[PDB]
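The structure appears right after this line, and notes come after that.
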Amino acid sequence: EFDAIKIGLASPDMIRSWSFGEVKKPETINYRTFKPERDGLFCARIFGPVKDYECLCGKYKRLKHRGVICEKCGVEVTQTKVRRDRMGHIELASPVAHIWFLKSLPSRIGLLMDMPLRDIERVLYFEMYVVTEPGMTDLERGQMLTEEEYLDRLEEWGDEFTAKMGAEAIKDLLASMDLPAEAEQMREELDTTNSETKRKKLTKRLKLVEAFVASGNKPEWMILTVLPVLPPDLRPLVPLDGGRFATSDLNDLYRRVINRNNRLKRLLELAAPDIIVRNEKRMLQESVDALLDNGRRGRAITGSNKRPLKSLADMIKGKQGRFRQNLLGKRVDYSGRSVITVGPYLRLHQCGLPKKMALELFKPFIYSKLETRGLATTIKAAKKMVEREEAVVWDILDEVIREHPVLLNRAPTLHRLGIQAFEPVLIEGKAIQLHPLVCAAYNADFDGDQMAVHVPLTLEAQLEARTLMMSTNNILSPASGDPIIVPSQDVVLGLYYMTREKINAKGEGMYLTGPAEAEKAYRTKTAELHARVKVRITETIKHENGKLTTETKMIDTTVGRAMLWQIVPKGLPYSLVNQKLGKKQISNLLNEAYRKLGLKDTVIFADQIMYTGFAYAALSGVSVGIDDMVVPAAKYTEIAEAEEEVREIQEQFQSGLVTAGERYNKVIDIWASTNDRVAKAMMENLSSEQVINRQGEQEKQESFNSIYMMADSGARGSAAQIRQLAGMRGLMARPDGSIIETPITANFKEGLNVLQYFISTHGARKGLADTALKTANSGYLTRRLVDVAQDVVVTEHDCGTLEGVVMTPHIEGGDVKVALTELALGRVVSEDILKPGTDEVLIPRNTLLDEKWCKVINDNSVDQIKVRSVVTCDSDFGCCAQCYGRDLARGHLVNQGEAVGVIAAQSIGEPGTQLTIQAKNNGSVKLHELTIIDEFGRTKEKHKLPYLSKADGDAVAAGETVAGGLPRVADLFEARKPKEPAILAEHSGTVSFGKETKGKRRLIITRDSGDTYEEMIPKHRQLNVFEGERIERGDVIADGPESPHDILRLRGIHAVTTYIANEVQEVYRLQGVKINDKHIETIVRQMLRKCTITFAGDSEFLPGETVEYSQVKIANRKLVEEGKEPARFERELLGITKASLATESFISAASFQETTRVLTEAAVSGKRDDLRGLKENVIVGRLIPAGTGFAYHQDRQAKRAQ
Amino acid sequence: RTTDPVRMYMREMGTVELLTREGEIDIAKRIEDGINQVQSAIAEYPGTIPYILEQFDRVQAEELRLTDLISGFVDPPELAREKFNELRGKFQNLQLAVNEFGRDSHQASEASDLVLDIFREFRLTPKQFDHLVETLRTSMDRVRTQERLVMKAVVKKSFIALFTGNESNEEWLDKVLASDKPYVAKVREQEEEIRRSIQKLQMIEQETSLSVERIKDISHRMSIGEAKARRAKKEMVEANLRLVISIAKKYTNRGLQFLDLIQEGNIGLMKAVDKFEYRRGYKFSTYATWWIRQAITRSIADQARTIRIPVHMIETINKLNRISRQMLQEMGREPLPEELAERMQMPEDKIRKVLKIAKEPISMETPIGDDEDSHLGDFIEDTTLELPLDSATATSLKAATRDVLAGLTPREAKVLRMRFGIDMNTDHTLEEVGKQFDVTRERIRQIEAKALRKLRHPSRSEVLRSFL
Ligand SMILES: [Mg+2]
Ligand SMILES: [Zn+2]
Ligand SMILES: [Zn+2]
């Protein structure tokens, strides 16, 4: 229907064209008949009838008189919904300035008329005159005259000039402006001005003037002479129970405006002193600004409830505004909500749904099927049949939901796994039954959690749920590619208990034909689950090339391991099961099954694994008791020793040998050491036992303690938890950060007294409050990240570029932080991977690195490679499939139309809550910084070189001595300037000292061309470089944190990308969170989209203009095709917020934040939104240009091009 | 330095000193002097006195209101009849000697002067005062427009020289025609339009019989008088602005803001000065307080409610509140409606009707809940919507009616359809349904009865039965 949206100033003619009449009275309704009053705020003659196809008289009342005007009323006989569309207008007695174009800094009126804002307010507030027409007089336009001064120059000239007051004077000044002549004057001054600040002033004013000239808008339209009036149904006055009425504040504001306007007309008719007219005009201006934006101009008007009235701007802006409460988020039909229980009998694609809830949700479908099969003649018969709850109604409901997927959601929805499609199974009850294996995806536990359910209606939605949203499809984490349906808690405990090993168990040493005989022996009580036996195992290997090789052989194992092998699918080695199985082992099993067998086998294997784990956890009988918290006997003696030597050191302190701070520090150190030793002793005591084998010798065996098993299996609990249960709680902190000298020496088994519990609460309250605030901080960060990268959609397949990023293993000392396989898995190479020391091509170009090629790279010991990356992609809009690589949640190459930006933002934002020289290797030494490389050629040590046993190329042996988390992420993504940034080298030249000016110091640099540049360095700066030294561009002058803008400006795009990626991955890796770096690269690409045009060329671009990058790239391509002067640019780095507010579409920017500023800018400029991104299409109800709708939008630009 | 308009308003009104008694008398004397000059200027008009005389002729015949004719008598129908008879006699004497003895003769001038003196001893109602003002204002404005059109057409010095006596005389036209300057060709061409303009002027001058100088002098005198009176009244109100704000303070927090009350009090005070009298010997504050009070109270009663309550019902509510407070103080509990009805001398039903309609509609942003995010407005239903099941039922009913009527004969189904208005814009009664083929009404009735008779057959009526 429509293809674009414009915005711009509204002329009085346009407002009159919108209006269906003029509101002349503040009347709303009659107090007796409750009917609309004529020429009022709710007039039926202006806005339409109150009843459908009726008029206020009652003479024309049926549909026969549609479209006729009641000659004695004027009410058009039509539908009442026209009262939601028909607008009115008020003819203001005096012009009123628009509040948005006056007080939203920068003031458009202010810099169009090149005079300060306070001057304009003084004129508007009726305090100072302005000369509009100077005539044959020395006065100049815009010069202010006081009242007495005004009479002086009136009596000394007369009618030769004109001086006025108020918004009328501003309108006269703005209407007489000759915009082209002003523009020419600004350009001429711009060329001939030598001050850059003045240049910024003039370029702003010239941009605004040229925007006015090109958009066709006129400046005088910023002053309102006709005020539009909203339709009554959007500002309702409706009755409540008991005769009370509910109204909107817009009614009060409009009534105030109308009353003051009518009083102004009355005062202009009955000739009044100028003071009264001036006061009335002030009131009119104040009322209009309050209606448009309450509280901006001054004190906000309050209603009868003593709270500020909320205006149109408040109704379009804010968290509770129309954009965010009703457009980007809505309440929907065919939805339900219930508490969630656990269904251990369900499959991965099934969810338990209550019968009553499904009956309510699927009511129209039941009606349709009852009508189709003939059990109901009409729809009311079906309604009563459903309400009476017959049996055939239940059969119809069974057949309706037979293959109708349903969407389950849990709030908050941090990532896309928070909503999934399941097949419903009707259960008698009131709670939704959820499969355990999906709980980790929902972050759901059964302590009172509630989930929402939604019913897709059309066939497209059902197939999207079945293909994309089905729980069986989403079993890989899109953030890292690891499985998300890994078992936890009782499944892990059962698989651990079944796979443990015991000495001298019943049936030890027996020979078994296979897993079936092991199960038979277990069921007959011949052998225990932990008996060490020999089993004949037939094992099939599927190789990388697909070869299927089966080998049968005798393996030493346990009974439980064979019974678990009974369910393992063919194609996996037995070594994956011939061990005790913790959480990591089961995760490895699932990963291997996915990598070598596929998806269906993985789902079946996971279901069988969780069945078996639950069954044998139930059969184990694992229980927690007070005797399982064994407290080592060494704890009491060690506490006694620590206390005695505390007494000794306190006595020594009384002798004055050491100070108080030293005593505090060493007491803390001894208490930390005592805690560590007590924890170690408790772990050693708890982790082992002594048994008797078949020979009678005492043997050392792993303990079967319940808490030890829980902690070691990874089901729940860690070493620290056991330490507080059975050892020492340790040192706790005073709530300002300081650590109390005395620690807690009692665990939870023995119990604490009053002060120990008080110190515990000190930290408990802080932890709770920190979680509460950090959740909101992470939510705001993820909102910003979603909005900055919402436009990124895979639009092509190959972008035809040669650029790429060079990747190496990360080294932060003498050990690796991440292997090259982890970083290179799922990417596409840019240039051919040549084998080191050889010219052969091991890996060709444009090939995806899967596990096989990763193992190849690991075998051939490649240190550095280079692959395609999103930021280096040169697609005009979005990115291409090759530059993005593998889709982590799917395992293959990313499909066209994938919203990679939203996935990236969710992946980064989801773990926000979890947030807060001796050589060691044998090899050679290389200098660049110091590098130590093994004989294979992999650089495995990177060390700093402050300004050495071995020189360059000298071999070094082992042991030779050559010699705050989430705020940090937010600051990195906002590109915040450090408080004390490191000063960098602007250009490669020789350093020299300069004149030490008072206050702060100056330095000079001499370039290769002999030009000298002066740098302004503060006094309190540690200066590193020395005079006469040629420092390269980007060298550190003063140490400190590096600003991202500086490294982008001086070093390059790859440098800033690497910096941001490394910092973000460091903060996410300290907490042990796995996030792929392509998401960060997408965010960085969205951070690099603008450019300051330096060399203007001739493509219409002012110097110093912040244009957007791909427009320049396209324009440069056309210019090259024309062989005519191209343009040169410098790329800027903008934070996610600033980049979001700087996007081309004004709808998305308005919906994000700062709606008033964005709307004012767009309206003055006359912007045009073409609806290319996700958010605008979401707001206007159209299909998003991503995923299933992508092709549809493509067809649109197939039509617009033709 | 400030953004509140109230403070700027007080700054502006505080720059003028406060007046005393003698200042009030001086300003009132200036107003009366201006009014007297305006009355004297208008009295020098041949059409003014006849209007007053005929108005008195109608009034004395007991056919018109006496108050509408005059409002008072200046003293330095017992008495009005004699004065108006004297005025009529002097008008007859003046008409006898207006032109027979000569316009420049002393008799006419003396008669006009004494007519002015007689008319100065009159206080006319402002209505016909402004009515006579407007006619001469329109005549002067039309003369100005014609003169400016002539000036624009001709464009000089010759017109200025002959403007005193030959502005509209044909001698100016004859001399222009006689002139032979190089630019007189286009002037002669425009002489046709100038002739039309002066012909239009002849009717005005014969209506006035004053040529050009006399009407100009009258207009100048009237303008001077009105300007002087306006200046005096403006000074007087600028003085009393402080009384306005002092009185308007007492009625705040009644739905209207302070500045609006101040402006309404200002309007009421201007009305007060429009009818102030200083001969009574009473100061201005006493008279002005009543008018400021009435303006403020009327504005509050008319503009302080979303749903307007008439003034009389506002008074009823206020008196009910006062009596309720008195009874509450007297017995110690809220007075029940019967007791208030007995006290207020009205039936109980009227008291209840007053009670229910004294409410002020609530806001839709009232915080409903501990968390301020929720509001009342989001818990309001839309009662005008049609339930989807009802729309589906309507569609099914249309389909079933079509199916039932399709099993009926063409003529007969047409009769039913275009009697009940099915699939057509309007409905038809028996007459136009008859006018199709058979104009007789009774056959249409009988065929419709046959329609219903076959339509209640169980073989073809089961489907429509389920819709009840
Ligand atoms: Mg919970
Ligand atoms: Zn009507
Ligand atoms: Zn690409």
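Using the numbering of Swiss-Prot, the residues shown for chain A are 16-931, 950-961, 981-999, 1003-1018, 1136-1374, in order.
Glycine is treated like the rest: Cβ placed from N, Cα and C.
Around A:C88 (Zn(2+) 1 binding site), the same-chain residues at least 6 positions away in sequence with a Cβ under 8 Å from its Cβ are A:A59, A:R60, A:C70, A:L71, A:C72. Residues or ranges marked as Zn(2+) 1 binding site in Swiss-Prot (evidence: sequence analysis): A:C70, A:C72, A:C85, A:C88.
Look at Swiss-Prot and you will find A:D460, A:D462, A:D464 tagged as Mg(2+) binding site. The Cβ of A:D464 (Mg(2+) binding site) has A:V354, A:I355, A:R425 as same-chain neighbours under 8 Å, each 6 or more residues away in sequence.
The Cβ of A:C888 (Zn(2+) 2 binding site) lies under 8 Å from the Cβ of A:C814, A:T816, A:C894, A:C895, A:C898, A:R1257, each of which sits 6+ residues away along the same chain. Annotated Zn(2+) 2 binding site per Swiss-Prot: A:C814, A:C888, A:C895, A:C898, in sequence order.
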Assigned element (helix, strand, coil) containing A:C898 (Zn(2+) 2 binding site), judged by DSSP: helix
Output field, Mg(2+) shell: CB within 8 Å of site CB centroid, site A:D460, A:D462, A:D464 dropped: A:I355, A:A459, A:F461, A:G463
Of A:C70, A:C72, A:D462, A:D464, binding-site residues neighbouring ligand 3, Cβ under 6 A: none
Neighbourhood of A:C85 (Zn(2+) 1 binding site) by C-beta distance under 8 A, where only residues 6 or more apart in the same chain count: A:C70, A:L71, A:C72, A:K74, A:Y75, A:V92
Entry from the binding-site residues list A:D460, A:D462 having the most other CB atoms no farther than 10 A: A:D460
Listed binding-site residues adjacent to ligand 2, that is, members of A:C72, A:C85, A:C888 whose C-beta is under 6 A away: A:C72, A:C85
Binding-site residues: A:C814, A:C895 - member with fewest neighbouring CB atoms within 10 Å: A:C814
Among A:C72, A:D462, A:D464, A:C898, the binding-site residues whose C-beta sits under 6 Å from ligand 1: A:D462, A:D464
Least buried by Cβ count (within 10 Å) of the binding-site residues A:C72, A:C898: A:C72
Packing count at A:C70 (Zn(2+) 1 binding site) (other Cβ atoms within 10 Å of its Cβ): 24
Additional residues around Zn(2+) 1, ordered along the sequence, whose Cβ is within 8 Å of the centroid of A:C70, A:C72, A:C85, A:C88: A:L71, A:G73, A:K74, A:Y75, A:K87, A:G89, A:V90
